[PDB]
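Take a look at this one chain, the form deposited in one PDB entry, written out in structure tokens.
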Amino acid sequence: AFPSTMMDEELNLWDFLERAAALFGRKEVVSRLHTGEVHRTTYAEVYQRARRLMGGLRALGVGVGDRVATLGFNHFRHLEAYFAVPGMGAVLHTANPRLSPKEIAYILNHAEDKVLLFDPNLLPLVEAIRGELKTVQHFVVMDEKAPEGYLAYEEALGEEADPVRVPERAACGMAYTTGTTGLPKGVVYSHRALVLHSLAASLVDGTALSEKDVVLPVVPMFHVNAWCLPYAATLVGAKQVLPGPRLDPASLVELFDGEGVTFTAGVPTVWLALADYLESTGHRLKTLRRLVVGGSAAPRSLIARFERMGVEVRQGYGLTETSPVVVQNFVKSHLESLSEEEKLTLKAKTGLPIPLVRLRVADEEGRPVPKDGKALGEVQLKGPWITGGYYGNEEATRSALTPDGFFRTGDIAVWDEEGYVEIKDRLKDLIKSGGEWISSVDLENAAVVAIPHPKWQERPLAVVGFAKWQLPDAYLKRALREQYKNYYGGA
């Protein structure tokens, strides 16, 4: 009825790196490779090489809408792909190398990826599944060199190409979740979604990302695009430190101090191992100020450990389906007067719903449950970076949403008058161990319950195909969980 005079300028992920190259071109991107060697590059060079990757991928037959898959850890070549693939209007499919060969083959075949980029230390896995892949036309090793039948990344680079412009709602990337019963389910992100997510999650009450920050994502670049951190860090022009596959405490500490890391993010298991190490050696990190924990619930103790060592811990919550961040923990101004015990309890809560997210905790018919911090309901979400369904799966799509169009997370929670959310349970019958999913059912038909664990956070226990980490440690369900609550003895 009344048009605005505003320009119809589309949101695009390439604009982050373009701005980084122009304003913060000398800012460093530091990578530790699988061999332990440390590689140094900058935003200016990443931008140049990302343009070369766009031209190289075009020469390999990649066009707008085509899927280019990755199987790799956090390093500069993965960051170059993060921009080049969406930059040419293609779809960045981050695949998880920790999954079974059968699961990876299914996901790559379902997405119909045209090109696969993968780390050299993952060649045995690629050689193992290669014969099962039906769409992959080119296999690119993310390294200087590649063996027979394989193409090296440095060889695959072509002439510099200009980025391709698309409507912001077009696909930029995709990822499959294994936190579900049956087959993996695909979620397709858009430029619009990930740009908005990068902005809204990086505010002061969120990750508070600044140009002066040095950012180390411990979360894998195959876990919801490392929680969108590589994009958000580029947007502000922060120095990035990409740790690679080595996530042992001594390796991380070396990077924390050596590179002057100020901000980091990862799953609870990595931080528990890090805290164990810092406490045993009496070593205190010389620059680290902020740490976010996500993927699973952070134990109250984990927060108390780091706060004692001078590290601020902020819980984050989300799903593959939500890009991922929908909830972030910070202490409200008027709640700073709470006692140290009360404040620790508050920090141990999941947190507050972030900007541009409509969150509710509701029952079976979509009715919100009372805000008393006691009543249980399902977390339900609506927003521009929240999925409205799945790719190529009609039954998963129609069971994903409520009648009034809210996405159903499958997580049971409470919420209070202050607006704080607390994940308490899960509708979905699954085990999450060290930030990776195990299906109870698949182990059964071959009763399996999730039992709390100190180090990881849940471990399979059976009652009387698969990888060694999936194996149940020891040999109506709301009873066996409460009965064997302390089998693995974890607080």
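When you see a residue number, it is the position in the sequence shown, counting from 1.
If you look for the form deposited in another entry, you will not find it shown, but the lines that follow are about it.
*Asks:* Given a two-part rigid split of the chain between this form and the one not shown, flag whether residue 5 and residue 131 are grouped together.
*Replies:* When each C-alpha is assigned to the better-fitting superposition, residue 5 and residue 131 land in the same part.
*Asks:* Using the form shown as baseline, tell whether residue 133 and residue 435 are closer or farther in Cα-Cα distance in the other form, where the change reaches 3 Å or more.
*Replies:* Their C-alpha distance grows by at least 3 Å in the other form.
*Asks:* Flagged pair residue 421/residue 429: C-alpha distance shifts by 3 angstroms or more in the other form. Which direction, closer or farther?
*Replies:* Relative to this form, closer in the other form.
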